[PDB]
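Enquirer: Below is the structure I would like to discuss, written out as structure tokens.
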Amino acid sequence: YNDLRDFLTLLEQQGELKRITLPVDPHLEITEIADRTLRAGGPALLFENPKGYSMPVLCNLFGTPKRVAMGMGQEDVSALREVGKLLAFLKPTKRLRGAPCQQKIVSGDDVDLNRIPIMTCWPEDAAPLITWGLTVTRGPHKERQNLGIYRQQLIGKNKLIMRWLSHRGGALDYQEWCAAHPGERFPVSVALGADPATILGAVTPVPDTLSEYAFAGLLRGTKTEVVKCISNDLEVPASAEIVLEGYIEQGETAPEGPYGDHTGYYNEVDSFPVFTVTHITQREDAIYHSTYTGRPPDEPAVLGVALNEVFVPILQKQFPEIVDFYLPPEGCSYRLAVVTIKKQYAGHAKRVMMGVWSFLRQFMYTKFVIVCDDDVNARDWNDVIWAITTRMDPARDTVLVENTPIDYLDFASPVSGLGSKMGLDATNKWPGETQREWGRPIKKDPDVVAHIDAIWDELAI
Amino acid sequence: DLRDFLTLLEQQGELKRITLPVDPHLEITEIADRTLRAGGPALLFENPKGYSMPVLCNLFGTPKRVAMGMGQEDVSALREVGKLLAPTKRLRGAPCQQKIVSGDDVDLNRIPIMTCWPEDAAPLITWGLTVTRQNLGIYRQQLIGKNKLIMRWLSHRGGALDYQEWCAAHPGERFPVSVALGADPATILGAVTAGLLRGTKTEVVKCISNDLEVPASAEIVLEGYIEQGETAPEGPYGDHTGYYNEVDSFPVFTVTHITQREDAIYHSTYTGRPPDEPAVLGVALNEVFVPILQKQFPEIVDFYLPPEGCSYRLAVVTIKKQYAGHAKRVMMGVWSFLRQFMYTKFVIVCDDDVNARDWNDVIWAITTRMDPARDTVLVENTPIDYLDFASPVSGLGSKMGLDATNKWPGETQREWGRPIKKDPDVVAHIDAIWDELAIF
Amino acid sequence: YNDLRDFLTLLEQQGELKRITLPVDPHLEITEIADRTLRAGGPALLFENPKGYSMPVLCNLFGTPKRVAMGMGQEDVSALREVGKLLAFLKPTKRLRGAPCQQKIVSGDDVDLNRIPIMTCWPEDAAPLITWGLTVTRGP
């Protein structure tokens, strides 16, 4: 639906947006509330009263599954499947100017970032943290562009940190910019508070054949209204609320953190490049879209559970035996995985593990995989825990693999960025696998299950 | 009394009368099941399909209701002291005896006894307090004829032993047996190796047809005898493991008399894939162990055996970690100190900033504080439950210890992570204006 | 290129087909030779003289890499890559009758398979073995 405010109004109508008029602190307070809400499951929150401020602070926007699907075109969290039928089958822009995004420009020394209500998220964080900027960058060589969400710690008056992670095509953009034009400044533009369509295209992997304004905008019904930036010849989305324009001074970096991670812990200080902003271009009643992360759940963590319903089809195409796949938010949205399969032969559950650990680059860091038959609900601990404890001999049934790629930040692994993984084969063991008669699992009649649904309300309990 | 207890529960909002005609056959289990899985109220199906005797089930599908059943409401402030430490009363008149029925008049078929799972044998009596000093035992009873139930004790037990001390003493002579259906809460909470609970001595009354003394709070009563060497094939049935049994032969208890209150209520339950009614009751009664295990290992904050692992098969343990290697002593403790836990396959150890009862917490800790290969203890050829078909050989298998505790120097070499804590202050500042922000 | 015999002739031209006129046994012998050839790397072999027979026995057709690529359209075993660019990117028929394939029909009891020179491949195999039939089946 159109631009961010157009989407905004839809929610407020159906009781999916909430209006807080009370004075709320960007320092830790707005965070605390959004967690209470998300942990129990309230609506999105808009804050027309930041304490000592006057710019609205929007958080918890995609804070439950339903906020995502409506943000994609539908009502049913079932057509998130169809978003994923899309990316595996693939195996367009529209420019403006006096476009709403740049109506108010503040350049040069007038640039004071203390003017915006950036969230200070948790107890011993460093400075306040810009958590929801959609970073735009260009490769010097080609022309095709790159989006990304990095956490942007404000250190100075108009200085910001680019916490990008080496691998990202976004980081690779800067690296090749110093390489071809050495000692020369690298233009970046980070756009804030955007429309639903490109925003869910920003937390998503696309094959490098199609731009992520073309996929993202065609999750909406309308091709992407974009624009030239004032200080550079790279594109920011037009539906924007605040747009940041600057460059990174070559060699110049600052100490970053501590910050709490969605891991539930404090990242220890480590240094990163300084994006210096020469322009802050905005609307009027302009908004600033924001979030946070911590000991899971959190917004990304739900956004994560959201995202993965999208992956399922991709996985299913490649792995038809996979009935269902799911990474819990308890396990940092990515560290543990339950897969459920139609088992087709002894040994089967291992083909699946190694598949999971390798096929998608997202799932390359997943320490724990638990594979069970299609009569186990992946999404329920009752089932999975039953699964594990009735259907496995632990030593017989556990794949342990060593010296594999693991997070540079995961302090549990024996060395930095190299640790071990564990598969759990909790599938019923066919012969070859066991020499004992296996148990006949109680299975429920789908009929009886069906009749009792028609009756469930008109039974009120 | 039970019917008091029921009204208490009904007021509190902890019980639901259901007026729809619903089949004792398979339907009730399905309803009782979805319910239990949601913290559901106890169920009173006032009209079962093809019976007029109302059915009560899922009485205990709630840790709260186990507690309300003793007069209290914590369960861990309560049962827990109940093992730091670790007479009846007869009457001349009972409600439970009001309607008597002898001979060919006896038809068990008019009782709404349940069938719980699709492939189950025949209908099954699940909450019968069998009576045999006297011995009380909750034995599963398969319906096989107008006046015939299979009595499935397994040979070692007390009530089963009563029958051998019968064959020994009076060969040929039929053994007397009576079964009460539904007593007062405290009588029902016959469990763990009887139970005081309320504190007033249990009131019994004499059986009409034989020399046994059944709970006066009875709703129904089944009295009769076992002819020596009469057997029926029992099963196959669903049990707590998630699976069906094999057909197996047992004694045949013949009912001569049925005694019941007017406005009789059938107390029935179902055992099935965890969690079920029993497995929940079990988790309540297990609170009894924690202090015992503490006397021995003062490091243990919490020892908790989830029912989703069949109520014994997996233990999560939180400890106040004292030195490097600690999580290990605690594992080998679990596996050898008390005999109940000698068959526990999986034992997860976490530091005490983790809520043993919360998969969110536990999974958080496993996935943040473990290097799988480094922190997993596999031991094999260890004694395992022989009925467990998952071990390579009946009676022998491998165990698993997950060390999810934090790693101290020498256990690692990385700077370890420090947990984010929430600001006790921003706790207070919100402790006020939450209500006054109606987010809904 | 067209039909099998059209492809056949291309090879014989460039020294990639070989003509054996000598009497050769379907039982193990034709096998032995094709192995000698393939292990060192001779051409494809056509046998206008099976021993006790008169139907030509063609073997070792794709017996080296180059016989494959020419069989696909090219000369360079490098565009076999391009055959594979095809199957991952994808992520039409034309019927005849008196078509060459059915000019001679033998049905019923006249069907004697001992009429064909099926290869008997190695020492203690069972019976002779039809090794190169392209089986067609339909789902009901």
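All residue names refer to the structure tokens as shown: chains lettered A, B, ... in order, residues numbered from 1 in each chain, ligands numbered from 1 in order.
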Return as a ChimeraX atom specification the full set of residues in region 10-54 of chain C whose backbone-based DSSP assignment is strand (DSSP E or B).
Expert: /C:17-19,24,27,44-46,50
Enquirer: Once you have the residues from the selection above, write them out as a compact mmCIF listing (two decimals), in the first residue's frame, restricted to C-alpha atoms.
Expert:
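What landed in result.txt:
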```
# COMPACT_ATOMS: atom_id res chain seq x y z
CA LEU C 17 33.86 -44.97 -36.15
CA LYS C 18 35.51 -48.35 -36.85
CA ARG C 19 34.45 -51.16 -39.18
CA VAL C 24 32.81 -61.72 -33.37
CA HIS C 27 29.15 -63.94 -25.78
CA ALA C 44 33.35 -46.64 -31.61
CA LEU C 45 32.91 -50.19 -32.95
CA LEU C 46 30.31 -51.56 -35.36
CA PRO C 50 28.37 -61.25 -35.09
```
Enquirer: With a distance threshold of 7 Å and counting only C-alpha atoms, extract the residues of chain B near chain A and express them as an MDAnalysis selection string.
Expert: chainID B and resid 16 27 118 238 242:244 274 308:309 313 360 363:364 367:373 378 389:392 397:400 412 414:420 422:423 426 437 439:440
Enquirer: Which residue out of A:63, A:156, A:52, A:313 has the minimum interatomic distance to residue 112 (chain A) when only C-alpha atoms are used?
Expert: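 Among the listed residues, A:156 lies closest to residue 112 (chain A).
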Enquirer: For chain A, work out the contacting residues on chain C at 9 Å, counting only C-alpha atoms, and write them as number ranges by chain.
Expert: C: 88-91
Enquirer: So which residues touch residue 418 (chain A) within 8 Å, counting only C-alpha atoms, skipping near sequence neighbours fewer than 5 positions away, as number ranges by chain?
Expert: A: 403-408, 413
Enquirer: Using only C-alpha atoms, which residues sit within 6 Å of residue 226 (chain A) once same-chain residues fewer than 6 positions away are excluded, as a PyMOL selection string?
Expert: chain A and resi 94-96+237-238
Enquirer: Residues as selected, C-alpha atoms, written as a short mmCIF file (atom, residue, chain, number, x, y, z; two decimals), in the first residue's frame, can you do that?
Expert:
```
data_model
loop_
_atom_site.label_atom_id
_atom_site.label_comp_id
_atom_site.auth_asym_id
_atom_site.auth_seq_id
_atom_site.Cartn_x
_atom_site.Cartn_y
_atom_site.Cartn_z
CA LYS A 94 10.15 5.26 -11.13
CA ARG A 95 12.09 8.48 -10.31
CA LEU A 96 10.80 11.75 -8.71
CA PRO A 237 13.50 5.80 -1.91
CA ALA A 238 11.07 8.72 -2.33
#
```
Enquirer: To one decimal in Å, tell me the separation between CA of residue 74 (chain A) and CA of residue 12 (chain A).
Expert: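 Pair CA of residue 74 (chain A) / CA of residue 12 (chain A) returns 16.8 Å.
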Enquirer: Once you count only C-alpha atoms, what closest atom pair and distance in Å to one decimal does each residue of region 95-138 of chain A within 12 Å of region 143-147 of chain A have, with rows by chain and rising residue number, as JSON lines?
Expert:
```
{"residue": "A:132", "atom": "CA", "partner": "A:147", "partner_atom": "CA", "distance": 12.0}
{"residue": "A:133", "atom": "CA", "partner": "A:147", "partner_atom": "CA", "distance": 9.7}
{"residue": "A:134", "atom": "CA", "partner": "A:147", "partner_atom": "CA", "distance": 6.1}
{"residue": "A:135", "atom": "CA", "partner": "A:147", "partner_atom": "CA", "distance": 5.3}
{"residue": "A:136", "atom": "CA", "partner": "A:147", "partner_atom": "CA", "distance": 4.9}
{"residue": "A:137", "atom": "CA", "partner": "A:146", "partner_atom": "CA", "distance": 5.5}
{"residue": "A:138", "atom": "CA", "partner": "A:145", "partner_atom": "CA", "distance": 5.1}
```
Enquirer: Can you pull out every residue within 6 Å of region 127-136 of chain C, counting only C-alpha atoms, but drop anything in the same chain fewer than 5 positions away, and send it as a VMD selection string?
Expert: chain C and resid 118 to 120
Enquirer: Counting only C-alpha atoms, which residues of region 269-306 of chain B fall within 10 Å of region 84-97 of chain B, and what is the closest atom pair for each with its distance in Å at one decimal, ordered by chain and rising number, as a Markdown table?
Expert:
```
| residue | atom | partner | partner_atom | distance |
| --- | --- | --- | --- | --- |
| B:288 | CA | B:84 | CA | 8.1 |
| B:289 | CA | B:84 | CA | 9.1 |
| B:290 | CA | B:84 | CA | 9.5 |
| B:291 | CA | B:84 | CA | 6.4 |
| B:292 | CA | B:84 | CA | 7.0 |
| B:295 | CA | B:84 | CA | 9.0 |
```
Enquirer: Take the residues that were just selected and, keeping C-alpha atoms, output them as a JSON list (two decimals), in the first residue's frame.
Expert:
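Written file, out01.json:
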```json
[["chain", "number", "residue", "atom", "x", "y", "z"],
["B", 288, "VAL", "CA", 8.97, -33.75, 46.51],
["B", 289, "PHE", "CA", 12.39, -34.65, 45.14],
["B", 290, "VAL", "CA", 14.07, -31.23, 44.78],
["B", 291, "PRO", "CA", 14.89, -30.85, 48.52],
["B", 292, "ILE", "CA", 16.22, -34.48, 48.73],
["B", 295, "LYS", "CA", 20.39, -32.06, 50.86]]
```
Enquirer: May I have the residues within 10 Å of region 59-62 of chain C as a PyMOL selection string, using only C-alpha atoms and disregarding those fewer than 2 positions away in the same chain?
Expert: chain C and resi 8+11+16-17+30-31+33-35+37-38+41-47+56-57+64-71+119+132
Enquirer: Create the file for the chosen residues now, containing N, CA and C atoms and written as a PDB file, in the first residue's frame.
Expert:
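Printed below is part-v5.pdb as written:
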```pdb
ATOM      1  N   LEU C   8      25.894 -41.639 -37.070  1.00  0.00           N
ATOM      2  CA  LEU C   8      26.879 -42.709 -37.330  1.00  0.00           C
ATOM      3  C   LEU C   8      27.897 -42.361 -38.400  1.00  0.00           C
ATOM      4  N   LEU C  11      31.059 -39.771 -37.691  1.00  0.00           N
ATOM      5  CA  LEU C  11      32.202 -40.414 -37.028  1.00  0.00           C
ATOM      6  C   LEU C  11      33.133 -41.166 -38.001  1.00  0.00           C
ATOM      7  N   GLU C  16      36.379 -41.718 -36.369  1.00  0.00           N
ATOM      8  CA  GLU C  16      35.805 -41.893 -35.033  1.00  0.00           C
ATOM      9  C   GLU C  16      34.839 -43.083 -34.967  1.00  0.00           C
ATOM     10  N   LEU C  17      34.580 -43.701 -36.113  1.00  0.00           N
ATOM     11  CA  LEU C  17      33.863 -44.968 -36.149  1.00  0.00           C
ATOM     12  C   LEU C  17      34.848 -45.990 -36.706  1.00  0.00           C
ATOM     13  N   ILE C  30      32.996 -59.514 -28.082  1.00  0.00           N
ATOM     14  CA  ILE C  30      32.706 -58.095 -28.397  1.00  0.00           C
ATOM     15  C   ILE C  30      32.943 -57.159 -27.181  1.00  0.00           C
ATOM     16  N   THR C  31      32.584 -57.639 -25.985  1.00  0.00           N
ATOM     17  CA  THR C  31      32.923 -56.994 -24.697  1.00  0.00           C
ATOM     18  C   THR C  31      34.449 -56.791 -24.486  1.00  0.00           C
ATOM     19  N   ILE C  33      36.988 -56.774 -26.479  1.00  0.00           N
ATOM     20  CA  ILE C  33      37.555 -55.838 -27.477  1.00  0.00           C
ATOM     21  C   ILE C  33      37.253 -54.389 -27.102  1.00  0.00           C
ATOM     22  N   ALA C  34      35.965 -54.095 -26.883  1.00  0.00           N
ATOM     23  CA  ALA C  34      35.514 -52.738 -26.533  1.00  0.00           C
ATOM     24  C   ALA C  34      36.261 -52.217 -25.299  1.00  0.00           C
ATOM     25  N   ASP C  35      36.595 -53.125 -24.374  1.00  0.00           N
ATOM     26  CA  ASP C  35      37.400 -52.750 -23.213  1.00  0.00           C
ATOM     27  C   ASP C  35      38.834 -52.408 -23.606  1.00  0.00           C
ATOM     28  N   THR C  37      39.923 -51.347 -26.493  1.00  0.00           N
ATOM     29  CA  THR C  37      39.720 -50.059 -27.183  1.00  0.00           C
ATOM     30  C   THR C  37      39.494 -48.897 -26.202  1.00  0.00           C
ATOM     31  N   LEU C  38      38.460 -48.987 -25.361  1.00  0.00           N
ATOM     32  CA  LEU C  38      38.182 -47.928 -24.373  1.00  0.00           C
ATOM     33  C   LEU C  38      39.342 -47.668 -23.366  1.00  0.00           C
ATOM     34  N   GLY C  41      41.834 -46.263 -25.877  1.00  0.00           N
ATOM     35  CA  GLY C  41      41.033 -45.162 -26.374  1.00  0.00           C
ATOM     36  C   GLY C  41      40.850 -45.161 -27.867  1.00  0.00           C
ATOM     37  N   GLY C  42      40.422 -46.290 -28.434  1.00  0.00           N
ATOM     38  CA  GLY C  42      40.085 -46.371 -29.860  1.00  0.00           C
ATOM     39  C   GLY C  42      38.739 -45.722 -30.175  1.00  0.00           C
ATOM     40  N   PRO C  43      38.189 -45.983 -31.374  1.00  0.00           N
ATOM     41  CA  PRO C  43      36.930 -45.351 -31.751  1.00  0.00           C
ATOM     42  C   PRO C  43      35.729 -46.193 -31.312  1.00  0.00           C
ATOM     43  N   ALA C  44      34.529 -45.792 -31.733  1.00  0.00           N
ATOM     44  CA  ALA C  44      33.348 -46.639 -31.613  1.00  0.00           C
ATOM     45  C   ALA C  44      33.489 -47.857 -32.545  1.00  0.00           C
ATOM     46  N   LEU C  45      32.800 -48.942 -32.201  1.00  0.00           N
ATOM     47  CA  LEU C  45      32.915 -50.189 -32.947  1.00  0.00           C
ATOM     48  C   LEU C  45      31.544 -50.720 -33.384  1.00  0.00           C
ATOM     49  N   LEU C  46      31.442 -50.935 -34.691  1.00  0.00           N
ATOM     50  CA  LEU C  46      30.306 -51.564 -35.363  1.00  0.00           C
ATOM     51  C   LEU C  46      30.729 -52.963 -35.876  1.00  0.00           C
ATOM     52  N   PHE C  47      29.859 -53.952 -35.669  1.00  0.00           N
ATOM     53  CA  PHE C  47      30.198 -55.359 -35.900  1.00  0.00           C
ATOM     54  C   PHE C  47      29.320 -56.084 -36.940  1.00  0.00           C
ATOM     55  N   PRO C  56      24.024 -56.137 -37.169  1.00  0.00           N
ATOM     56  CA  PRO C  56      25.179 -55.379 -36.660  1.00  0.00           C
ATOM     57  C   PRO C  56      25.080 -55.103 -35.162  1.00  0.00           C
ATOM     58  N   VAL C  57      26.182 -55.265 -34.435  1.00  0.00           N
ATOM     59  CA  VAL C  57      26.198 -54.947 -32.997  1.00  0.00           C
ATOM     60  C   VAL C  57      27.097 -53.737 -32.686  1.00  0.00           C
ATOM     61  N   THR C  64      34.640 -42.377 -25.749  1.00  0.00           N
ATOM     62  CA  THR C  64      35.458 -41.264 -25.246  1.00  0.00           C
ATOM     63  C   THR C  64      34.712 -39.941 -25.318  1.00  0.00           C
ATOM     64  N   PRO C  65      34.974 -39.050 -24.337  1.00  0.00           N
ATOM     65  CA  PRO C  65      34.496 -37.676 -24.224  1.00  0.00           C
ATOM     66  C   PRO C  65      34.131 -36.955 -25.546  1.00  0.00           C
ATOM     67  N   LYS C  66      35.030 -36.952 -26.532  1.00  0.00           N
ATOM     68  CA  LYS C  66      34.750 -36.281 -27.818  1.00  0.00           C
ATOM     69  C   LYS C  66      33.526 -36.844 -28.589  1.00  0.00           C
ATOM     70  N   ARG C  67      33.300 -38.156 -28.510  1.00  0.00           N
ATOM     71  CA  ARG C  67      32.125 -38.785 -29.123  1.00  0.00           C
ATOM     72  C   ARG C  67      30.804 -38.268 -28.538  1.00  0.00           C
ATOM     73  N   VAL C  68      30.883 -37.735 -27.326  1.00  0.00           N
ATOM     74  CA  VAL C  68      29.720 -37.216 -26.619  1.00  0.00           C
ATOM     75  C   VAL C  68      29.365 -35.819 -27.130  1.00  0.00           C
ATOM     76  N   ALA C  69      30.360 -34.930 -27.131  1.00  0.00           N
ATOM     77  CA  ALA C  69      30.188 -33.510 -27.471  1.00  0.00           C
ATOM     78  C   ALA C  69      29.720 -33.283 -28.904  1.00  0.00           C
ATOM     79  N   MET C  70      30.291 -34.039 -29.844  1.00  0.00           N
ATOM     80  CA  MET C  70      29.847 -34.031 -31.230  1.00  0.00           C
ATOM     81  C   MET C  70      28.416 -34.537 -31.292  1.00  0.00           C
ATOM     82  N   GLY C  71      28.083 -35.438 -30.367  1.00  0.00           N
ATOM     83  CA  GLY C  71      26.745 -36.006 -30.258  1.00  0.00           C
ATOM     84  C   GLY C  71      25.742 -35.034 -29.670  1.00  0.00           C
ATOM     85  N   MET C 119      24.385 -59.067 -25.972  1.00  0.00           N
ATOM     86  CA  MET C 119      25.757 -59.291 -25.507  1.00  0.00           C
ATOM     87  C   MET C 119      25.768 -60.199 -24.272  1.00  0.00           C
ATOM     88  N   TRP C 132      21.250 -51.818 -23.417  1.00  0.00           N
ATOM     89  CA  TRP C 132      20.986 -50.463 -23.921  1.00  0.00           C
ATOM     90  C   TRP C 132      19.557 -50.157 -24.409  1.00  0.00           C
TER      91      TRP C 132
END
```
Enquirer: Excluding residue 73 (chain C) and any residue of its chain fewer than 4 positions from it, enumerate the residues within 12 Å of it, using only C-alpha atoms, and give them as number ranges by chain.
Expert: C: 1-2, 7, 10, 66-69, 77-80, 82-83
Enquirer: Using DSSP assignments from the backbone, pull out every residue in region 90-331 of chain B that falls under alpha helix (DSSP H) and give it to me as a ChimeraX atom specification.
Expert: /B:158-169,185-188,277-286,289-296,326-331
